[PDB]
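Here's a solo chain for you in structure tokens, the form deposited in one PDB entry.
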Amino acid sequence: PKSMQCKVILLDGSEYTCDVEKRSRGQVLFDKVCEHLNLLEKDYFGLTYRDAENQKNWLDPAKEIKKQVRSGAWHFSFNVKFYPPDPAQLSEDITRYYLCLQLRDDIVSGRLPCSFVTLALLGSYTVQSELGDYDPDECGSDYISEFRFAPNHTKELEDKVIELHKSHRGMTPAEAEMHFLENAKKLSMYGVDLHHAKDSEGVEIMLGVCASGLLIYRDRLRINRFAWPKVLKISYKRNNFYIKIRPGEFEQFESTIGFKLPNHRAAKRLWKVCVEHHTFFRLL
């Protein structure tokens, strides 16, 4: 029985190596990684790989790994797939911990924009969780943390993290992580998966997929939101992605909004993440 070496980038930035049989489905590898992480609330997470066009793809746990990675390396990342709107409802602290690590990367990467004050507050909870109570002995007037907090660090930001850290004395890691999440969950881009697209006129937009529905990001005076219930069907054809939008009560017919994606693979990717989000948040 022939086994393939898998390398998985974990949310702490470390690399986990394991083997699976070469005809293994994604679920096999995912189960191994989750056991390694002592993670039980697995439904919110997934593995990603980079395709031949270097796009992030979710590893489908139901399909053979080899038919997804195809010509590429068996190299993956462990990631949050479904960001819970209410992380306080998660059963386990360790689930909230992995969600925090994901969100820290979302912030540093600039995928999750955040005000100065919220960057400093989130950073102050991370420090409290990781180091415990504020200590002046490690932190002088010239202190810069090893913790990456933001896409662009300033001395201002470092000072504000310390000021807020001082206020968190006696806070345990689980408590600090829960505060981190109570703040992060409110950010307008929390758990929004963004896709580049053109509207039916050829104007460049962004489509965002998240718990509440589908968002269209245009000129920035116009953001359209379609709650999952208002979305009757989702489809793709060639480079095109279509959503059918329910009639307003006493309307005879549904409306169709068409979008142009970069290529067929990008349209299929968007369709699959929309279907998955619609199912997940319909049931949650």
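We number the residues from 1 along the sequence you see.
Same protein, other form: the form deposited with a small molecule bound, not shown, and the subject of what follows.
Enquirer: Against the small molecule in the deposited bound form, would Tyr44 count as a contact residue? Criterion: heavy atoms within 4.5 Å.
Expert: Yes.
Enquirer: Using the partner position in the deposited bound form, report whether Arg282 sits within 4.5 Å of the small molecule, counting heavy atoms only.
Expert: Residue-level check for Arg282: yes, a contact with the small molecule.
Enquirer: Although the small molecule is absent from this view, report whether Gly72 comes within 4.5 Å of it in the deposited bound form, heavy atoms only.
Expert: No - in the deposited bound form, heavy atoms of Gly72 and the small molecule never come within 4.5 Å of each other.
Enquirer: Do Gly132 and the small molecule come within 4.5 Å of each other in the deposited bound form, heavy atoms counted?
Expert: Taking the distances in the deposited bound form, the answer for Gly132 is no, it never comes within 4.5 Å of the small molecule.
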